[PDB]
$ cat protein12.txt   # compact mmCIF, C-alpha atoms and all ligand atoms
# COMPACT_ATOMS: atom_id res chain seq x y z
CA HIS A 4 52.61 -39.96 -88.56
CA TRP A 5 51.83 -40.87 -84.97
CA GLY A 6 49.48 -43.74 -84.32
CA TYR A 7 49.11 -46.84 -82.16
CA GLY A 8 51.20 -49.43 -84.01
CA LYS A 9 54.57 -50.88 -83.07
CA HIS A 10 56.42 -48.35 -85.17
CA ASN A 11 54.43 -45.19 -84.42
CA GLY A 12 52.64 -45.86 -81.13
CA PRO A 13 52.81 -44.30 -77.65
CA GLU A 14 56.44 -45.33 -77.00
CA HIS A 15 57.53 -43.32 -80.07
CA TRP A 16 55.50 -40.15 -79.54
CA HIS A 17 58.13 -38.38 -77.43
CA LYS A 18 60.44 -37.99 -80.46
CA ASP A 19 58.08 -35.49 -82.06
CA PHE A 20 56.16 -34.41 -78.95
CA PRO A 21 58.73 -34.18 -76.13
CA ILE A 22 55.99 -33.18 -73.64
CA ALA A 23 55.11 -36.90 -73.78
CA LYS A 24 57.64 -37.22 -70.91
CA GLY A 25 56.24 -34.19 -69.09
CA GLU A 26 55.12 -33.56 -65.52
CA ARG A 27 51.37 -33.66 -66.11
CA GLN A 28 50.70 -36.43 -68.64
CA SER A 29 47.53 -38.48 -69.02
CA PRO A 30 46.11 -41.03 -68.61
CA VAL A 31 47.09 -42.27 -65.16
CA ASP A 32 46.22 -45.18 -62.94
CA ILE A 33 43.66 -44.14 -60.34
CA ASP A 34 44.69 -45.73 -57.04
CA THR A 35 41.36 -45.62 -55.26
CA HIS A 36 42.81 -46.09 -51.79
CA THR A 37 45.24 -43.18 -52.24
CA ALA A 38 42.63 -40.83 -53.75
CA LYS A 39 41.26 -38.48 -51.08
CA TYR A 40 37.78 -37.05 -50.65
CA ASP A 41 37.94 -33.28 -51.23
CA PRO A 42 35.27 -31.25 -49.42
CA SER A 43 36.24 -28.13 -51.40
CA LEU A 44 34.86 -29.58 -54.65
CA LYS A 45 31.57 -27.91 -55.56
CA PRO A 46 28.64 -29.88 -56.98
CA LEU A 47 29.29 -31.00 -60.56
CA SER A 48 26.84 -29.74 -63.20
CA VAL A 49 26.53 -31.49 -66.55
CA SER A 50 24.09 -29.31 -68.54
CA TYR A 51 23.55 -30.95 -71.93
CA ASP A 52 19.82 -30.35 -72.51
CA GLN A 53 20.42 -27.85 -75.36
CA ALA A 54 23.32 -29.70 -77.01
CA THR A 55 23.51 -29.45 -80.82
CA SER A 56 25.44 -32.29 -82.39
CA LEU A 57 26.49 -31.71 -85.99
CA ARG A 58 28.67 -34.38 -87.53
CA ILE A 59 30.63 -37.57 -86.92
CA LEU A 60 34.18 -37.89 -88.33
CA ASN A 61 36.69 -40.74 -88.64
CA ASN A 62 39.97 -38.87 -88.11
CA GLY A 63 42.25 -41.88 -88.50
CA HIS A 64 42.70 -42.34 -84.76
CA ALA A 65 39.12 -42.49 -83.43
CA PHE A 66 35.75 -41.03 -84.40
CA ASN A 67 34.62 -37.65 -83.12
CA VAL A 68 31.01 -36.59 -82.63
CA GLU A 69 31.19 -32.83 -83.03
CA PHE A 70 28.97 -30.18 -81.46
CA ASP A 71 28.06 -26.58 -82.17
CA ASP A 72 30.22 -24.72 -79.64
CA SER A 73 29.43 -21.21 -80.98
CA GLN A 74 27.30 -20.61 -77.84
CA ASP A 75 26.84 -22.19 -74.38
CA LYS A 76 24.50 -24.91 -75.63
CA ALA A 77 26.11 -27.79 -73.70
CA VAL A 78 28.34 -27.04 -70.75
CA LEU A 79 30.15 -28.51 -67.77
CA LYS A 80 30.51 -26.47 -64.56
CA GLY A 81 31.16 -27.05 -60.88
CA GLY A 82 33.25 -29.75 -59.30
CA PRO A 83 36.88 -28.72 -59.57
CA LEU A 84 36.11 -26.22 -62.34
CA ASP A 85 36.31 -22.44 -62.20
CA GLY A 86 33.80 -21.06 -64.71
CA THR A 87 32.08 -22.58 -67.73
CA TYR A 88 33.43 -25.23 -70.06
CA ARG A 89 31.69 -25.80 -73.39
CA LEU A 90 31.30 -29.20 -75.08
CA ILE A 91 33.10 -29.39 -78.43
CA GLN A 92 33.28 -33.13 -79.21
CA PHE A 93 33.24 -36.61 -77.79
CA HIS A 94 35.14 -39.72 -78.83
CA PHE A 95 36.14 -43.11 -77.45
CA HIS A 96 39.22 -45.26 -76.99
CA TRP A 97 38.79 -49.04 -77.15
CA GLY A 98 40.55 -52.37 -77.36
CA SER A 99 40.87 -55.36 -79.67
CA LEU A 100 39.51 -57.53 -76.82
CA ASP A 101 37.14 -56.79 -73.95
CA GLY A 102 40.00 -56.93 -71.38
CA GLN A 103 41.67 -53.71 -72.54
CA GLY A 104 40.79 -50.42 -74.18
CA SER A 105 40.52 -47.80 -71.46
CA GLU A 106 43.17 -45.13 -70.99
CA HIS A 107 42.66 -44.49 -67.31
CA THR A 108 42.76 -47.56 -65.11
CA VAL A 109 41.21 -48.10 -61.67
CA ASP A 110 43.53 -49.93 -59.27
CA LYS A 111 45.26 -51.11 -62.48
CA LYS A 112 41.97 -52.50 -63.90
CA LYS A 113 41.51 -51.85 -67.61
CA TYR A 114 38.00 -51.37 -68.94
CA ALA A 115 36.84 -52.32 -72.47
CA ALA A 116 36.65 -48.68 -73.59
CA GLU A 117 36.59 -45.09 -72.38
CA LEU A 118 34.43 -42.17 -73.51
CA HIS A 119 35.90 -38.64 -73.48
CA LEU A 120 33.55 -35.64 -73.55
CA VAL A 121 35.83 -32.71 -74.37
CA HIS A 122 35.11 -29.16 -73.18
CA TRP A 123 36.95 -25.85 -73.39
CA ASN A 124 37.01 -22.98 -70.90
CA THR A 125 34.94 -20.15 -72.34
CA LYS A 127 37.09 -17.47 -70.70
CA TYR A 128 39.65 -18.19 -73.47
CA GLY A 129 37.26 -17.62 -76.39
CA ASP A 130 38.22 -20.57 -78.67
CA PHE A 131 39.55 -24.13 -78.31
CA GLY A 132 42.83 -23.08 -79.90
CA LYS A 133 43.51 -20.45 -77.26
CA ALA A 134 42.25 -22.74 -74.52
CA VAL A 135 45.04 -25.26 -75.35
CA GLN A 136 47.58 -22.57 -74.55
CA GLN A 137 46.31 -22.43 -70.93
CA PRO A 138 46.87 -24.66 -67.88
CA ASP A 139 43.09 -24.68 -67.21
CA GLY A 140 41.97 -24.58 -70.82
CA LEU A 141 40.12 -27.89 -71.07
CA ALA A 142 37.95 -30.22 -69.03
CA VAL A 143 37.50 -33.80 -70.16
CA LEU A 144 34.73 -35.92 -68.65
CA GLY A 145 35.85 -39.54 -68.86
CA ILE A 146 33.44 -42.47 -68.60
CA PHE A 147 34.44 -46.13 -68.55
CA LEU A 148 32.67 -48.74 -70.66
CA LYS A 149 32.24 -52.36 -69.59
CA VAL A 150 30.65 -55.10 -71.67
CA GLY A 151 27.27 -56.34 -70.47
CA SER A 152 23.81 -55.01 -71.28
CA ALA A 153 23.41 -52.73 -74.29
CA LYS A 154 23.46 -48.95 -73.86
CA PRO A 155 20.38 -47.71 -75.76
CA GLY A 156 21.71 -44.17 -76.09
CA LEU A 157 24.84 -45.45 -77.85
CA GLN A 158 23.05 -47.34 -80.62
CA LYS A 159 22.67 -44.31 -82.94
CA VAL A 160 26.45 -43.91 -82.84
CA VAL A 161 27.01 -47.62 -83.52
CA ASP A 162 24.67 -47.62 -86.49
CA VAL A 163 26.35 -44.73 -88.32
CA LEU A 164 29.86 -46.22 -88.12
CA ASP A 165 29.50 -48.20 -91.36
CA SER A 166 29.20 -44.83 -93.17
CA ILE A 167 32.51 -43.52 -91.75
CA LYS A 168 34.57 -46.70 -91.96
CA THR A 169 37.80 -45.11 -93.17
CA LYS A 170 39.97 -42.14 -92.31
CA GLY A 171 38.64 -38.82 -93.52
CA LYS A 172 35.01 -39.89 -93.91
CA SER A 173 32.30 -37.91 -92.12
CA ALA A 174 28.50 -38.01 -91.90
CA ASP A 175 25.73 -35.76 -90.65
CA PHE A 176 25.01 -36.53 -87.01
CA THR A 177 22.40 -34.01 -85.88
CA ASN A 178 19.96 -34.40 -83.00
CA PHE A 179 22.11 -36.74 -80.92
CA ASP A 180 21.62 -36.43 -77.15
CA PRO A 181 24.86 -37.09 -75.21
CA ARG A 182 22.87 -37.42 -71.97
CA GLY A 183 22.16 -40.98 -73.07
CA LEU A 184 25.83 -41.87 -72.59
CA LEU A 185 26.01 -41.04 -68.88
CA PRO A 186 25.78 -43.45 -65.93
CA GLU A 187 23.37 -42.82 -63.06
CA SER A 188 25.92 -41.46 -60.60
CA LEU A 189 28.18 -38.46 -61.09
CA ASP A 190 30.67 -39.55 -58.40
CA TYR A 191 34.12 -38.84 -59.82
CA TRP A 192 37.86 -38.59 -59.42
CA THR A 193 39.73 -35.50 -60.64
CA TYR A 194 43.32 -34.53 -61.33
CA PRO A 195 45.32 -32.18 -63.60
CA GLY A 196 46.62 -33.79 -66.79
CA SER A 197 46.99 -33.65 -70.53
CA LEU A 198 45.56 -34.60 -73.86
CA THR A 199 46.11 -38.37 -74.33
CA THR A 200 46.95 -37.99 -78.03
CA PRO A 201 49.55 -35.79 -79.74
CA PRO A 202 50.09 -32.90 -79.18
CA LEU A 203 49.76 -34.16 -75.57
CA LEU A 204 49.21 -30.62 -74.27
CA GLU A 205 49.05 -30.16 -70.50
CA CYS A 206 45.79 -28.22 -70.42
CA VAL A 207 43.22 -30.64 -69.00
CA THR A 208 41.28 -30.91 -65.78
CA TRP A 209 40.29 -34.59 -65.87
CA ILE A 210 36.98 -35.62 -64.33
CA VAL A 211 36.67 -39.42 -64.45
CA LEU A 212 33.36 -40.92 -63.37
CA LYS A 213 33.51 -43.86 -60.96
CA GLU A 214 30.46 -45.69 -62.32
CA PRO A 215 31.02 -47.32 -65.74
CA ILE A 216 28.34 -47.55 -68.37
CA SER A 217 27.47 -50.96 -69.76
CA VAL A 218 27.49 -51.53 -73.52
CA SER A 219 26.82 -54.78 -75.32
CA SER A 220 29.42 -56.95 -76.97
CA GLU A 221 27.69 -56.26 -80.29
CA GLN A 222 28.08 -52.49 -79.77
CA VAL A 223 31.83 -52.60 -79.08
CA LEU A 224 32.34 -55.15 -81.86
CA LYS A 225 31.07 -52.49 -84.28
CA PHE A 226 33.66 -49.99 -82.97
CA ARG A 227 36.28 -52.60 -83.88
CA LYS A 228 35.12 -52.72 -87.53
CA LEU A 229 36.28 -49.15 -88.14
CA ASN A 230 39.54 -48.61 -90.02
CA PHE A 231 42.61 -46.53 -89.25
CA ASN A 232 43.40 -46.46 -92.99
CA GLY A 233 41.79 -44.41 -95.72
CA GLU A 234 39.49 -45.70 -98.44
CA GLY A 235 41.18 -48.01 -100.91
CA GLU A 236 44.17 -48.68 -98.65
CA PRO A 237 44.99 -52.00 -96.96
CA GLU A 238 42.65 -52.60 -94.04
CA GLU A 239 44.00 -51.85 -90.56
CA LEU A 240 41.26 -52.31 -87.99
CA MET A 241 40.82 -49.35 -85.62
CA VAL A 242 41.47 -51.16 -82.33
CA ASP A 243 43.73 -50.53 -79.34
CA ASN A 244 43.68 -46.75 -79.84
CA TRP A 245 44.53 -46.12 -76.18
CA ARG A 246 47.59 -44.66 -74.48
CA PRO A 247 48.74 -46.56 -71.37
CA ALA A 248 48.96 -45.00 -67.94
CA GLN A 249 51.72 -42.44 -67.42
CA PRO A 250 53.67 -41.49 -64.28
CA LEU A 251 51.65 -39.62 -61.67
CA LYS A 252 54.65 -37.50 -60.64
CA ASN A 253 53.77 -34.54 -58.36
CA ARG A 254 49.98 -34.97 -58.44
CA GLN A 255 47.13 -36.05 -56.21
CA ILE A 256 43.83 -37.51 -57.34
CA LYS A 257 40.82 -36.14 -55.47
CA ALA A 258 37.47 -37.87 -55.01
CA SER A 259 34.07 -36.18 -55.01
CA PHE A 260 32.64 -38.81 -52.69
CA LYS A 261 33.41 -39.59 -49.06
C1 LIG B 1 57.50 -41.94 -89.99
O1 LIG B 1 57.77 -42.59 -88.75
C2 LIG B 1 57.32 -41.98 -87.61
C3 LIG B 1 57.54 -42.58 -86.38
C4 LIG B 1 57.09 -41.97 -85.22
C5 LIG B 1 56.41 -40.76 -85.30
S1 LIG B 1 55.77 -40.02 -83.83
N1 LIG B 1 57.01 -39.47 -82.97
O2 LIG B 1 55.15 -41.08 -83.07
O3 LIG B 1 55.00 -38.88 -84.25
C6 LIG B 1 56.21 -40.15 -86.52
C7 LIG B 1 56.66 -40.76 -87.68
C1 LIG B 2 43.15 -32.34 -80.13
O1 LIG B 2 42.07 -32.37 -79.20
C2 LIG B 2 42.03 -33.39 -78.29
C3 LIG B 2 40.99 -33.35 -77.38
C4 LIG B 2 40.86 -34.32 -76.41
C5 LIG B 2 41.81 -35.34 -76.33
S1 LIG B 2 41.66 -36.56 -75.05
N1 LIG B 2 41.91 -38.02 -75.72
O2 LIG B 2 40.29 -36.46 -74.59
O3 LIG B 2 42.68 -36.29 -74.09
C6 LIG B 2 42.85 -35.40 -77.24
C7 LIG B 2 42.96 -34.42 -78.22
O1 LIG B 3 18.03 -34.15 -80.10
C1 LIG B 3 19.00 -34.28 -79.07
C2 LIG B 3 18.77 -33.24 -78.00
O2 LIG B 3 19.02 -31.97 -78.62
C3 LIG B 3 18.85 -30.85 -77.75
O3 LIG B 3 19.16 -29.68 -78.40
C4 LIG B 3 17.40 -30.81 -77.29
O4 LIG B 3 17.16 -29.66 -76.48
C5 LIG B 3 17.10 -32.09 -76.53
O5 LIG B 3 15.75 -32.09 -76.07
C6 LIG B 3 17.36 -33.29 -77.42
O6 LIG B 3 17.18 -34.50 -76.70
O1 LIG B 4 49.39 -30.36 -45.61
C1 LIG B 4 48.20 -31.14 -45.57
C2 LIG B 4 47.54 -31.21 -46.92
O2 LIG B 4 48.39 -32.00 -47.76
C3 LIG B 4 47.97 -32.02 -49.12
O3 LIG B 4 48.88 -32.76 -49.85
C4 LIG B 4 46.57 -32.62 -49.25
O4 LIG B 4 46.10 -32.45 -50.58
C5 LIG B 4 45.59 -31.92 -48.31
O5 LIG B 4 44.32 -32.56 -48.35
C6 LIG B 4 46.15 -31.84 -46.90
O6 LIG B 4 45.29 -31.07 -46.07
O1 LIG B 5 21.15 -38.44 -83.78
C1 LIG B 5 22.19 -38.90 -84.64
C2 LIG B 5 21.65 -39.58 -85.88
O2 LIG B 5 20.95 -40.76 -85.46
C3 LIG B 5 20.44 -41.53 -86.55
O3 LIG B 5 21.48 -41.80 -87.43
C4 LIG B 5 19.40 -40.71 -87.30
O4 LIG B 5 18.93 -41.46 -88.41
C5 LIG B 5 20.02 -39.41 -87.79
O5 LIG B 5 19.01 -38.56 -88.33
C6 LIG B 5 20.69 -38.67 -86.65
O6 LIG B 5 21.43 -37.57 -87.17
ZN ZN B 6 40.38 -39.27 -75.66
$ encode --input "protein12.txt" --output "structure tokens"
Amino acid sequence: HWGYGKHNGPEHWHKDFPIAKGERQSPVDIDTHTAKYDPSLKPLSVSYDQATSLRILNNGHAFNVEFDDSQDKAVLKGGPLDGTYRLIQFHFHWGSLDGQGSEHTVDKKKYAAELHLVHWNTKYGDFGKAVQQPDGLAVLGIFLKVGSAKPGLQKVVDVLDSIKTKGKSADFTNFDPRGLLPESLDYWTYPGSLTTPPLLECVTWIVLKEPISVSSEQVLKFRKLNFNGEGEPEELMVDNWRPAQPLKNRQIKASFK
């Protein structure tokens, strides 16, 4: 099965997912000097006040905090997006050490971790149909750097001991994802893909420029999770990030002048 190790990591994925070498793969390095301000971008609207979180799951690659997406409870609109995109889940990618962990990089800088808030375009009815479309998904990416603690992350941190191994889940109701945002919504945007198999080229990426700060203790608890299932030899869930992929025939646009 695909993973992040030497024998099943990103350099192997193309053998079962040939789109891994495609024209629109993610993540990418964001060259800030090359990225151009785009006056055609509309204001970005993150509308999470009615979000309904349900559950947190260790899926063997990361942990997903899942939302009720049966209605427009928590949506992303505006910016580069045409129409309404509905929040389905968020997850993170992180490193074994503070100096790596993000998927996107900024002028080749790697952050300690990266948060992905995943949304699907409601014109396509369901996530499964959305991932058949070139504008099916919008992922809001947020970098994490290590410094002061992020208070709105602590509830996530504290439940991780209950989902240590692959396949474990726990109730995770009444979690407010607004507490994971930075102050500014300045962003870069480009067309890309899922960063894990099946690597589908369906994503409008919106990557915020301002990182959030989390404490060393918070990210250390991410690193206590396990890739393995219960009873199996312990493999710490660390370095679950894909490196930057070729930009090819793309441009990164900036929301800010
Ligand atoms: C059993 O060994 C493997 C190795 C690689 C992969 S892949 N292509 O990364 O999904 C799958 C299985
Ligand atoms: C299968 O669903 C997904 C959704 C999102 C992502 S990512 N890591 O945000 O690009 C990967 C896989
Ligand atoms: O409990 C987390 C969040 O859930 C939402 O459905 C509520 O409308 C918010 O007021 C609350 O902060
Ligand atoms: O032909 C000029 C155009 O080139 C494109 O590649 C850029 O995205 C536009 O911002 C520019 O106006
Ligand atoms: O908000 C997410 C979770 O945070 C804490 O774990 C609370 O104890 C729990 O009730 C809640 O579901
Ligand atoms: Zn991701």
$ closest_residue --input "protein12.txt" --among "A:42, A:195, A:8, A:21" --to "residue 142 in chain A" --atoms "all atoms listed in the file"
A:195
$ residues_near_ligand --input "protein12.txt" --ligand "ligand LIG 5 (chain B)" --cutoff "10 Å" --atoms "only C-alpha atoms and all ligand atoms" --output "compact mmCIF listing (two decimals) with C-alpha atoms, in the coordinates of the input"
# COMPACT_ATOMS: atom_id res chain seq x y z
CA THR A 55 23.51 -29.45 -80.82
CA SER A 56 25.44 -32.29 -82.39
CA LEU A 57 26.49 -31.71 -85.99
CA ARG A 58 28.67 -34.38 -87.53
CA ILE A 59 30.63 -37.57 -86.92
CA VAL A 68 31.01 -36.59 -82.63
CA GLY A 156 21.71 -44.17 -76.09
CA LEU A 157 24.84 -45.45 -77.85
CA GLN A 158 23.05 -47.34 -80.62
CA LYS A 159 22.67 -44.31 -82.94
CA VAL A 160 26.45 -43.91 -82.84
CA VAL A 161 27.01 -47.62 -83.52
CA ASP A 162 24.67 -47.62 -86.49
CA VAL A 163 26.35 -44.73 -88.32
CA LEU A 164 29.86 -46.22 -88.12
CA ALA A 174 28.50 -38.01 -91.90
CA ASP A 175 25.73 -35.76 -90.65
CA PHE A 176 25.01 -36.53 -87.01
CA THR A 177 22.40 -34.01 -85.88
CA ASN A 178 19.96 -34.40 -83.00
CA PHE A 179 22.11 -36.74 -80.92
CA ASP A 180 21.62 -36.43 -77.15
CA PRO A 181 24.86 -37.09 -75.21
$ atom_distance --input "protein12.txt" --atom1 "atom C4 of ligand LIG 3 (chain B)" --atom2 "CA of residue 122 in chain A"
18.3 Å
$ axis_aligned_box --input "protein12.txt" --around "ligand LIG 1 (chain B)" --padding-each-side "5 Å" --output "JSON"
{"center_x": 56.4, "center_y": -40.7, "center_z": -86.5, "size_x": 12.8, "size_y": 13.7, "size_z": 17.0}
$ residues_near_ligand --input "protein12.txt" --ligand "ligand LIG 4 (chain B)" --cutoff "10 Å" --atoms "all atoms listed in the file" --output "PyMOL selection string"
chain A and resi 38-43+253-257
$ residues_near_ligand --input "protein12.txt" --ligand "ligand LIG 1 (chain B)" --cutoff "8 Å" --atoms "all atoms listed in the file" --output "list in words"
residues 4, 5, 6, 10, 11, 12, 13, 14, 15, 16, 17, 18, 19, 20 and 201 of chain A
$ write_last_selection --input "protein12.txt" --atoms "C-alpha atoms" --output "PDB file, in the frame of the given file"
ATOM      1  CA  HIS A   4      52.610 -39.960 -88.560  1.00  0.00           C
ATOM      2  CA  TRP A   5      51.830 -40.870 -84.970  1.00  0.00           C
ATOM      3  CA  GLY A   6      49.480 -43.740 -84.320  1.00  0.00           C
ATOM      4  CA  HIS A  10      56.420 -48.350 -85.170  1.00  0.00           C
ATOM      5  CA  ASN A  11      54.430 -45.190 -84.420  1.00  0.00           C
ATOM      6  CA  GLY A  12      52.640 -45.860 -81.130  1.00  0.00           C
ATOM      7  CA  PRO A  13      52.810 -44.300 -77.650  1.00  0.00           C
ATOM      8  CA  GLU A  14      56.440 -45.330 -77.000  1.00  0.00           C
ATOM      9  CA  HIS A  15      57.530 -43.320 -80.070  1.00  0.00           C
ATOM     10  CA  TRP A  16      55.500 -40.150 -79.540  1.00  0.00           C
ATOM     11  CA  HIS A  17      58.130 -38.380 -77.430  1.00  0.00           C
ATOM     12  CA  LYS A  18      60.440 -37.990 -80.460  1.00  0.00           C
ATOM     13  CA  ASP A  19      58.080 -35.490 -82.060  1.00  0.00           C
ATOM     14  CA  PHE A  20      56.160 -34.410 -78.950  1.00  0.00           C
ATOM     15  CA  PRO A 201      49.550 -35.790 -79.740  1.00  0.00           C
TER      16      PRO A 201
END
$ residues_near_ligand --input "protein12.txt" --ligand "ligand ZN 6 (chain B)" --cutoff "9 Å" --atoms "all atoms listed in the file" --output "list in words"
residues 65, 93, 94, 95, 96, 106, 117, 118, 119, 120, 121, 143, 145, 198, 199, 200 and 245 of chain A
$ atom_distance --input "protein12.txt" --atom1 "CA of residue 48 in chain A" --atom2 "CA of residue 188 in chain A"
12.0 Å
$ residues_around --input "protein12.txt" --residues "range 74-86 of chain A" --least-positions-apart "3" --cutoff "7 Å" --atoms "all atoms listed in the file" --output "PyMOL selection string"
chain A and resi 44-55+89-90
$ atom_distance --input "protein12.txt" --atom1 "CA of residue 134 in chain A" --atom2 "CA of residue 67 in chain A"
18.8 Å
$ closest_residue --input "protein12.txt" --among "A:222, A:62, A:35, A:249" --to "residue 196 in chain A" --atoms "all atoms listed in the file"
A:249
$ decode --input "protein12.txt" --residues "range 100-113 of chain A" --atoms "N, CA, C and O atoms" --output "PDB file, in the first residue's frame"
ATOM      1  N   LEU A 100      10.836  16.609  12.482  1.00  0.00           N
ATOM      2  CA  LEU A 100      11.645  17.685  13.030  1.00  0.00           C
ATOM      3  C   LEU A 100      10.972  18.979  12.599  1.00  0.00           C
ATOM      4  O   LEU A 100      10.253  19.010  11.596  1.00  0.00           O
ATOM      5  N   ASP A 101      11.227  20.061  13.335  1.00  0.00           N
ATOM      6  CA  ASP A 101      10.526  21.320  13.068  1.00  0.00           C
ATOM      7  C   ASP A 101      10.843  21.885  11.681  1.00  0.00           C
ATOM      8  O   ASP A 101      10.029  22.615  11.101  1.00  0.00           O
ATOM      9  N   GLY A 102      12.009  21.568  11.139  1.00  0.00           N
ATOM     10  CA  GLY A 102      12.513  22.096   9.871  1.00  0.00           C
ATOM     11  C   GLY A 102      11.901  21.524   8.608  1.00  0.00           C
ATOM     12  O   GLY A 102      12.287  21.931   7.507  1.00  0.00           O
ATOM     13  N   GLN A 103      10.956  20.594   8.720  1.00  0.00           N
ATOM     14  CA  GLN A 103      10.257  20.078   7.554  1.00  0.00           C
ATOM     15  C   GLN A 103       8.893  19.574   7.992  1.00  0.00           C
ATOM     16  O   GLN A 103       8.651  19.331   9.174  1.00  0.00           O
ATOM     17  N   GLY A 104       8.013  19.385   7.015  1.00  0.00           N
ATOM     18  CA  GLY A 104       6.668  18.923   7.300  1.00  0.00           C
ATOM     19  C   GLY A 104       5.635  19.499   6.360  1.00  0.00           C
ATOM     20  O   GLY A 104       4.629  18.835   6.084  1.00  0.00           O
ATOM     21  N   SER A 105       5.838  20.725   5.859  1.00  0.00           N
ATOM     22  CA  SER A 105       4.865  21.265   4.928  1.00  0.00           C
ATOM     23  C   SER A 105       5.015  20.609   3.565  1.00  0.00           C
ATOM     24  O   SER A 105       6.052  20.043   3.207  1.00  0.00           O
ATOM     25  N   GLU A 106       3.929  20.680   2.800  1.00  0.00           N
ATOM     26  CA  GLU A 106       3.883  20.186   1.426  1.00  0.00           C
ATOM     27  C   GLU A 106       4.233  21.314   0.457  1.00  0.00           C
ATOM     28  O   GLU A 106       5.227  21.230  -0.277  1.00  0.00           O
ATOM     29  N   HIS A 107       3.442  22.382   0.455  1.00  0.00           N
ATOM     30  CA  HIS A 107       3.879  23.585  -0.220  1.00  0.00           C
ATOM     31  C   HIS A 107       5.098  24.149   0.501  1.00  0.00           C
ATOM     32  O   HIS A 107       5.279  23.982   1.705  1.00  0.00           O
ATOM     33  N   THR A 108       5.926  24.835  -0.275  1.00  0.00           N
ATOM     34  CA  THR A 108       7.047  25.594   0.250  1.00  0.00           C
ATOM     35  C   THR A 108       6.937  27.016  -0.285  1.00  0.00           C
ATOM     36  O   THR A 108       6.253  27.266  -1.278  1.00  0.00           O
ATOM     37  N   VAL A 109       7.594  27.954   0.401  1.00  0.00           N
ATOM     38  CA  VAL A 109       7.532  29.371   0.063  1.00  0.00           C
ATOM     39  C   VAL A 109       8.967  29.809  -0.194  1.00  0.00           C
ATOM     40  O   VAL A 109       9.777  29.849   0.735  1.00  0.00           O
ATOM     41  N   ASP A 110       9.309  30.080  -1.455  1.00  0.00           N
ATOM     42  CA  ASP A 110      10.698  30.370  -1.814  1.00  0.00           C
ATOM     43  C   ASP A 110      11.616  29.278  -1.288  1.00  0.00           C
ATOM     44  O   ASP A 110      12.703  29.536  -0.784  1.00  0.00           O
ATOM     45  N   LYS A 111      11.151  28.039  -1.399  1.00  0.00           N
ATOM     46  CA  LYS A 111      11.816  26.800  -1.006  1.00  0.00           C
ATOM     47  C   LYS A 111      11.806  26.553   0.506  1.00  0.00           C
ATOM     48  O   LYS A 111      12.220  25.480   0.941  1.00  0.00           O
ATOM     49  N   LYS A 112      11.346  27.508   1.324  1.00  0.00           N
ATOM     50  CA  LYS A 112      11.200  27.304   2.760  1.00  0.00           C
ATOM     51  C   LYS A 112      10.165  26.227   3.051  1.00  0.00           C
ATOM     52  O   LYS A 112       9.036  26.278   2.547  1.00  0.00           O
ATOM     53  N   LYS A 113      10.548  25.293   3.920  1.00  0.00           N
ATOM     54  CA  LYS A 113       9.637  24.305   4.469  1.00  0.00           C
ATOM     55  C   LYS A 113       9.196  24.746   5.855  1.00  0.00           C
ATOM     56  O   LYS A 113      10.026  25.080   6.709  1.00  0.00           O
TER      57      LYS A 113
END
